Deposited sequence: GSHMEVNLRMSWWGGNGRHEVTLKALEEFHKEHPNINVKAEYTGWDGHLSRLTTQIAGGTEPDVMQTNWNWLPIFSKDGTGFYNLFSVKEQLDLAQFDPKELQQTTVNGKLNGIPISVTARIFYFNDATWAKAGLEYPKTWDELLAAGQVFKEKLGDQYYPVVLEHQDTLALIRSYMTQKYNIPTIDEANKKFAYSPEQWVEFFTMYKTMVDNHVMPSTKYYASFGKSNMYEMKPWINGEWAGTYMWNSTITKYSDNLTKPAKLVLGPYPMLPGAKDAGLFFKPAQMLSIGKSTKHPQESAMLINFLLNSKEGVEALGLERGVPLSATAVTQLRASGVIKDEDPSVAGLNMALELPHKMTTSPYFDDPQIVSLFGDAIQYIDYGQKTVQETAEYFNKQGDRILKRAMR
């Protein structure tokens, strides 16, 4: 049995991957793996040619957005439910697998995921004399306290349009317990009025000093957010991916740092309204003359003692046994606020999962546009709500096709 595995990464990744494949082959002398690794540059292009002409590898490292690219109907990759006997699926939360399932077909297993949560500048919150918010109302209320007590340059948080998207959406899910995207009907699922409440919520936050408006943000801003001067502790936190937080925290003015915050909840909410994003995945090529061996390879990499021991080269593993192992071997920390942030999100009550079309960059860019028309007085909240509804449904209609 001669299998092909592709991936992209840098030398570190290639080394630990090549090492894991020798480990696999030791335990499976009959199964050989042709490794087809490159850097990220041109990877998508080489893979696109292979998948389209049916010549892709048995096992591929893939991105979540490869589901929109290659598997809009679920058939672009081999359905992993077909090989559930080689693959210990119970290691991966079914919430997680739902996000890599298209029309009932399991298209990928997430290697690791990241979630957005709050982190705060402790020194600045200490000066505000405020606890971190437990509710949306306390978040709102923090705007006015920062403004009045510390001064007008001070904001509880700073949000780039993408963080705001995810944040107001989380509020919507907590309130309504409803998917943002209707996948059956390939469109946004909010009613007209919910979109107005969405954008009205954004205007409320900005009007109440909770974060910089896009105009105020732009006025500094040729840069990475954490390299901006107000990020002197004037912008006192962030709604951000756990797996990138250290860079943000490190550019603070010591002894100041980022502390993991509470997750704001509506009283009685049963669903925190989270956004877990697969950092990457493993997929079986719709082409494989060897589906079961390909599953054995996936299983080995994600779940086996020897395989897991891949380390954190692709981030903290999603696999429950991997996590357990890498904690026990001291490789995963607990206290490091990037690992701690993920663990907190995982453990919050949550039920709605995110469609990969929600992370479409056209969608993110549209939302950017929408908040700017607001902040620059070009559209009212209402004209913006409708514009987003409409333009967003035209993106989803094309993309989800």
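Enquirer: Please give the gaps, as residue ranges numbered from 1 in the deposited sequence, where no C-alpha is present.
Expert: Residues missing from the model, as numbered along the full deposited sequence, span 1-5, 237, 316.
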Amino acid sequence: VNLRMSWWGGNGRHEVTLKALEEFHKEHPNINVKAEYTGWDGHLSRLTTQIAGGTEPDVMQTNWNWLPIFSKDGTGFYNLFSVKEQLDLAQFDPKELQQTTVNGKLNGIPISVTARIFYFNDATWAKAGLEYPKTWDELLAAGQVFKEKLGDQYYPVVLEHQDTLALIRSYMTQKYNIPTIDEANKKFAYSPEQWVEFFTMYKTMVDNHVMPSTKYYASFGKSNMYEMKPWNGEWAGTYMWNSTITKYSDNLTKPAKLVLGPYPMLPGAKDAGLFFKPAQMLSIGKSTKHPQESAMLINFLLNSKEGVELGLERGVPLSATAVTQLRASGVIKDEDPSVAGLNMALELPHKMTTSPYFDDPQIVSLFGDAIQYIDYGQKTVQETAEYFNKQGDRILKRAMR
From here on, numbers count along this sequence of modelled residues.
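Enquirer: Which of the two stretches, 79-87 or 299-307, shows the higher mean Cα temperature factor in the record?
Expert: On average, C-alpha B-factors are higher across 79-87.
Enquirer: Which of the two stretches, 20-28 or 376-384, shows the higher mean Cα temperature factor in the record?
Expert: Taking the mean C-alpha B-factor of 20-28 and of 376-384, the larger value falls to 20-28.
Enquirer: Looking at the C-alpha B-factor values in the deposited entry, which of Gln153, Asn107, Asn121, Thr246 comes out highest?
Expert: Result of the comparison over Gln153, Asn107, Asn121, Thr246: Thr246.
Enquirer: From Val59, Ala52, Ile69, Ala370, can you pick the one with the highest C-alpha B factor in the entry?
Expert: Spelled out: the listed residue with the top C-alpha B-factor is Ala52.
Enquirer: Grab the CA temperature factor for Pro291 from the record and place it in the lowest, middle or highest third of its chain.
Expert: For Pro291, whose C-alpha B-factor we compare with every modelled residue in the chain, the answer is the highest third.
Enquirer: Relative to the other modelled residues of the same chain, rank the CA B-factor of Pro230 and answer lowest, middle or highest third.
Expert: Its C-alpha B-factor belongs to the lowest third of this chain's values.
Enquirer: C-alpha B factor of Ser338, ranked within the chain: lowest, middle or highest third?
Expert: As the PDB entry reports it, the C-alpha B-factor of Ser338 lands in the highest third of its chain.
Enquirer: Divide the modelled residues of the chain into thirds by Cα B-factor and specify which third, lowest, middle or highest, holds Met352.
Expert: Middle third by C-alpha B-factor.
Enquirer: Could you look up the Cα B-factor of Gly261 in the entry and say which third of the chain it sits in: lowest, middle or highest?
Expert: Middle third by C-alpha B-factor.
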